[PDB]
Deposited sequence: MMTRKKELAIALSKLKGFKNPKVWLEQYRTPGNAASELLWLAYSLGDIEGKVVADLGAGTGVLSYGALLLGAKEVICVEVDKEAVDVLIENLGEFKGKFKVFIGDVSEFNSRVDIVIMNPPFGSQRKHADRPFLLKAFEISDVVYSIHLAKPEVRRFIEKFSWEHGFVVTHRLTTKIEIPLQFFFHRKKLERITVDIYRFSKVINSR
């Protein structure tokens, strides 16, 4: 929960011109900190090859590198987001790679997946391609989703059908912001582990 990490993550540049249909909002520092600290504390970051699905501006990627990831592979469909991503990860040059294309087209096996995927509120089931890919390329997955009864039921069922079990689920409220009001939603930060 390191508030220092959250603070440092909040200093990164955001999206130039957010495409709402792609749910482009930078992962809030607090939620990002929670997910990363949890993964770090369980030994799922340091020295690991990490894939950041829907990397966007690179908040999760930066935090992972900051916490000792051996390397991070940033998967993002929008080039304009990658421009910001590259600048944000400037101090970790050579330690990250970028895959510009749809998440479903990426297929490199990694040690860990971390992601703040679209919840699927702008486009039906937009989050499924991310969960499917994450389950496909890794044995440990960290993701964020809407803390709603229907969503929770689905996530639990979907991961199971794909051979994964939820080992941790942390619930927090995030605020998605010239200068005005926040959209305050409650999300669950999940940690999935491949059965046996």
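* What are the missing stretches of the deposited sequence, listed from start to end? -> Missing from the model are residues 1-3, 181-185, 205-207.
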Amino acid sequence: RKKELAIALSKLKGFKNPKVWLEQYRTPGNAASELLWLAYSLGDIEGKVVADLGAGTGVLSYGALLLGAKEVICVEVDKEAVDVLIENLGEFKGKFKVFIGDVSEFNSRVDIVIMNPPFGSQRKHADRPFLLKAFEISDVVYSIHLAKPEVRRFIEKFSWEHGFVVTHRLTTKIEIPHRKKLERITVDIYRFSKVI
From here on, numbers count along this sequence of modelled residues.
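* Quick one: higher average CA temperature factor, 119-127 or 81-89? -> Comparing 81-89 with 119-127, the higher mean C-alpha B-factor belongs to 119-127.
* Asked: What stretch has the higher average Cα B-factor here, 50-58 or 149-157?
  -> Higher mean C-alpha B-factor in the PDB entry: 149-157.
* To do: Could you tell me which third, lowest, middle or highest, the C-alpha B-factor of residue 8 occupies within its chain?
  => Ranked within chain, residue 8 CA B lands in the middle tercile.
* Which third, lowest, middle or highest, does the CA B-factor of residue 23 fall in along this chain? -> Within its chain, residue 23 is a middle-third residue by C-alpha B-factor, going by the deposited values.
* To do: Sort the modelled residues of this chain by their C-alpha B factor and say whether residue 71 lands in the lowest, middle or highest third.
  => Its C-alpha B-factor, which the entry lists for residue 71, ranks in the middle third among residues of this chain.
* residue 111 by Cα B-factor - lowest, middle or highest third of the modelled chain -> According to the entry, residue 111 has a C-alpha B-factor in the chain's middle third.
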